[PDB]
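Below: the structure, in structure tokens.
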Amino acid sequence: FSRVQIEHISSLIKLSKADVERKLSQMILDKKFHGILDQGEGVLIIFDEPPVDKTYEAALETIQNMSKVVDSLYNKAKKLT
Amino acid sequence: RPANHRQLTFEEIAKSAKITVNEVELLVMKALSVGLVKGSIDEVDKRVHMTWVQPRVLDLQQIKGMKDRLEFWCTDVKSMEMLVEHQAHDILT
Amino acid sequence: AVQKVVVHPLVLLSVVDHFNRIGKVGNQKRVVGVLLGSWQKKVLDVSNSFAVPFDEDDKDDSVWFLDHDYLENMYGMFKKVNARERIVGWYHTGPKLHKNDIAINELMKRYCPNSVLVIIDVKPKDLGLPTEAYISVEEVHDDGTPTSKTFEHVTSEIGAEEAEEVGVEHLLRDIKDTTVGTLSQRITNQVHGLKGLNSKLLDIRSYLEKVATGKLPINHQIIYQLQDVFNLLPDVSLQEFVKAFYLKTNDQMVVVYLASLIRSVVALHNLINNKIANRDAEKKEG
Amino acid sequence: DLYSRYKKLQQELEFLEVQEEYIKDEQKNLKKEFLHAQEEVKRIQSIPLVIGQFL
Amino acid sequence: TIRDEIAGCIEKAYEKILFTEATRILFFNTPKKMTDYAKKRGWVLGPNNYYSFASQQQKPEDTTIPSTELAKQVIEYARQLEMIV
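Protein chains in written order, with the numbering used here: chain Y, 669 to 749; chain G, 12 to 104; chain L, 4 to 289; chain W, 169 to 223; chain H, 21 to 105.
What follows is the structure, encoded as structure tokens:
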């Protein structure tokens with residue numbers, strides 16, 4: 669269950685809320701646990717939007733395509749001088 | 012209703028069927044077992060979300076409005092599609 | 004029973020060339036012959052056929068006869084040369100079947116357990132894939148009338164195997180092939196769209212005309228339920244259909260993003276390499 | 169004479185202009201025929217193809 | 021041209037603010053210009069407050085309204101693709 673209260677999820681894990689909030693947030697620090705907690709109302713919500721794949725393809729192309737035009741700087745600026 | 016706008020509320024069913032709010036569950040879900048609707052019930056606001064429908068009868072002056080809903084689809088596709096290939100008719104040859 | 008049939012161009016031409024046979028002598032009525040089918044599975048396939056001389060009086064519009072000796076020994080001829088071929092039914096050129104066509108199938112039900120009759124069209128006009136397919140079945144009725152036979156429509160598709168592909172694929176010599184991706188899909192957007200407009204138009208014209216003239220009745224064995232199926236989905240927003248909108252917008256994101264990526268790659272390679280070989284050929288020769 | 173030949177110099181100009189659009193549409197259709205020929209040579213041949221011992 | 025362009029450069033879009041500072045907006049004490057603008061703005065006239073509702077405003081989606089021109093974009097662009105070809 670994504671959205672859950674912190675006190676009764678600490679009742680399922682049988683632990684105090686202080687080190688439940690800090691360990692769960694430590695799991696968010698590890699990125700293995702997708703989600704975040706809420707201290708104000710004592711809520712914990714899980715949400716994810718995994719795929720970056722298209723940005724990886726884009727960046728891989730264009731970032732190297734910089735050096736591509738740098739490689740064309742050699743030939744096309746050689747005919748000038 | 013023209014709808015959909017297929018999401019209803021508990022006040023609509025409970026007022027029409029004049030039955031208690033606890034029995035509207037059995038009410039709408041039995042209709043799900045009958046097969047006339049596949050919809051789902053949102054029980055937070057106690058809303059009822061219908062899906063599809065069971066066709067039963069209909070009526071006169073409905074074949075006319077049916078031609079209106081059709082001919083509108085006719086001039087829609089005709090116009091837009093004749094605009095599509097109006098652009099690319101040149102380059103084809 | 005029979006779901007769909009595969010009509011090769013060979014059987015269609017085998018009816019149409021016989022429409023030249025009796026068409027040069029004329030006059031009225033239609034070209035009727037015996038259909039040779041091939042049943043490998045629930046999907047039906049057609050390979051060869053043969054046509055028999057047929058005449059039908061109008062007097063007496065219900066009178067029809069065929070030559071059984073022609074059906075017998077020629078089936079003995081075609082089964083001999085090809086053991087895979089057998090008669091699955093008969094066919095006629097229509098264009099619209101008169102009520103007498105039922106008893107023809109009822110006579111040849113002794114030859115085949117289920118005889119599917121194929122209406123065909125010798126002159127292509129409208130609206131689409133030619134011919135037609137009707138299977139012989141007893142549906143009775145929801146009104147509990149004494150059992151009568153109204154032939155159910157079988158969807159017909161055109162196909163081939165190997166040599167029947169060789170002949171026609173060389174015989175086209177007409178339009179570009181395909182071409183894939185540019186003209187193909189958009190011309191299909193014209194044909195399937197516009198022929199879908201005039202289809203339901205003329206079909207809804209028959210919906211109102213049959214109510215205006217021709218009653219009884221036709222309203223409503225299926226009129227009330229079929230028309231309500233038209234009223235099943237109007238179908239507009241609010242609400243979730245608004246979510247599908249910008250979600251579809253989020254769907255076109257990726258593809259058009261990739262489009263700009265191919266633009267950068269195609270422009271990079273082609274422009275750089277062409278200008279290289281261009282400036283080099285000019286400075287070396289000049 | 170000057171205006172005469174001046175009115176004589178746009179004949180072959182417009183003739184070469186209609187030859188432009190011609191040969192453009194020509195090599196456009198023949199290009200698609202070459203793409204069709206590419207579909208032939210890529211279809212050619214088999215599937216199934218016998219592999220053999222090369223020297 | 022200063023007075024009218026302040027009413028043109030304020031909203032849309034600005035968030036919720038209180039009354040006496042809208043008295044500080046147009047200054048004076050309680051001028052009739054504050055009635056002329058509170059009408060013209062629209063925007064909102066709240067008691068002892070003002071709002072940007074609703075909401076922020078008009079909530080551009082834009083849903084599939086851009087999808088049509090998105091189709092048209094490559095309509096004439098594939099026409100440019102056929103111009104190469």
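Backbone N, C-alpha and C define an ideal beta-carbon position, used for all residues, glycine too.
Residue-chain proximity (residue i, chain L), Cβ-Cβ < 8 Å
i	result
residue 88(H)	no
residue 228(W)	Residue numbering for chain W in the displayed model covers 169 to 223; residue 228(W) lies beyond these limits and cannot be assessed.
residue 203(W)	yes
residue 92(G)	yes
residue 98(H)	yes
residue 19(G)	no
residue 67(G)	yes
residue 84(H)	yes
residue 16(G)	yes
residue 81(H)	yes
Min CB distance residue i to chain Y below 8 Å
i	result
residue 249(L)	no
residue 139(L)	no
residue 269(L)	no
residue 1(L)	Because chain L is modelled from 4 through 289, residue 1(L) falls outside the range shown and cannot be assessed.
residue 7(L)	no
Among the options, nearest to residue i - alpha-carbon criterion
i	options	result
residue 702(Y)	678(Y), 670(Y), 749(Y)	670(Y)
residue 97(H)	99(G), 59(G), 94(G), 93(G)	99(G)
residue 73(L)	276(L), 280(L), 37(L)	37(L)
residue 52(G)	18(G), 66(G), 46(G), 104(G)	18(G)
residue 47(L)	83(L), 150(L), 9(L), 39(L)	9(L)
residue 719(Y)	257(L), 131(L), 41(L)	257(L)
residue 67(G)	227(L), 263(L), 280(L)	227(L)
residue 58(L)	33(L), 81(L), 78(L), 42(L)	33(L)
residue 89(G)	199(L), 277(L), 262(L), 13(L)	199(L)
residue 700(Y)	732(Y), 685(Y), 683(Y), 714(Y)	714(Y)
residue 116(L)	70(L), 162(L), 40(L), 238(L)	40(L)
residue 716(Y)	682(Y), 708(Y), 704(Y)	704(Y)
residue 65(H)	36(H), 86(H), 48(H)	36(H)
residue 178(L)	190(W), 212(W), 204(W)	204(W)
residue 82(L)	60(L), 110(L), 112(L), 50(L)	50(L)
residue 263(L)	749(Y), 746(Y), 741(Y), 727(Y)	727(Y)
Residue i, enclosing beta strand (DSSP E) - first and last residue
i	result
residue 52(L)	47-54
residue 122(L)	119-122
residue 40(L)	35-42
residue 705(Y)	704-706
Bounding residues of the alpha helix (DSSP H) (the contiguous stretch that carries residue i)
i	result
residue 171(W)	170-176
residue 17(L)	12-27
residue 84(G)	73-103
residue 203(W)	179-211
residue 713(Y)	Counting along the chain, residue 713(Y) falls outside any alpha helix (DSSP H), though it belongs to the beta strand (DSSP E) covering 711-713.
residue 671(Y)	No alpha helix (DSSP H) contains residue 671(Y), which DSSP labels as neither H nor E.
Cutoff 8 Å: residue i Cβ touching any chain H Cβ
i	result
residue 257(L)	no
residue 185(L)	yes
residue 252(L)	yes
residue 95(G)	yes
residue 74(G)	no
residue 28(L)	no
residue 30(G)	no
residue 42(G)	no
Minimum Cβ-Cβ distance from residue i to chain G less than 8 Å
i	result
residue 23(L)	no
residue 189(L)	yes
residue 79(L)	no
residue 207(L)	yes
Any 3 or more C-beta pairs closer than 8 Å across the region 735-744 of chain Y and the region 260-280 of chain L: yes
Touching by the beta-carbon criterion (3+ pairs, under 8 Å), the region 38-54 of chain L and the region 12-23 of chain L: yes
For the region 162-170 of chain L against the region 133-151 of chain L, are there 3 or more C-beta pairs whose distance is under 8 Å? no
Do the region 175-193 of chain L and the region 88-98 of chain G make contact, defined as three or more Cβ pairs closer than 8 Å? yes
Going residue by residue through the region 109-190 of chain L, where are the continuous beta strand (DSSP E) segments of at least 3 residues, counting only ones entirely within it? 119-122, 158-161
Sufficient close CB pairs (3 or more, under 8 Å) joining the region 73-83 of chain G to the region 225-241 of chain L: yes
Give a yes or no on contact between the region 248-264 of chain L and the region 25-32 of chain G, applying the rule of three or more CB pairs nearer than 8 Å. no
Return the chain-ordered ranges of every alpha helix (DSSP H) run that is complete within the region 20-76 of chain G and spans a minimum of 4 residues. 21-27, 34-45
Does the region 81-92 of chain G come within contact of the region 197-208 of chain L, defined as at least 3 CB pairs closer than 8 Å? Judged by Cβ distances under 8 Å, the region 81-92 of chain G makes contact with the region 197-208 of chain L, as three or more pairs qualify.
Taking contact to mean at least 3 C-beta pairs separated by less than 8 Å, is the region 93-112 of chain L in contact with the region 59-70 of chain L? yes
For the region 34-50 of chain H and the region 63-73 of chain H, state whether three or more C-beta atom pairs, one from each stretch, are separated by less than 8 Å. yes
Please determine if the region 48-68 of chain H and the region 86-93 of chain H are in contact, where contact requires at least 3 C-beta pairs separated by less than 8 Å. no
Quick one: any contact between the region 92-101 of chain L and the region 120-134 of chain L, if contact means 3 or more CB pairs under 8 Å? yes
Quick check for students: name the residue ranges of the alpha helix (DSSP H) that lie wholly in the region 58-92 of chain L, counting only runs of 4 or more. 71-84
Per the contact definition of three or more C-beta pairs closer than 8 Å, is the region 28-39 of chain H in contact with the region 194-213 of chain W? no
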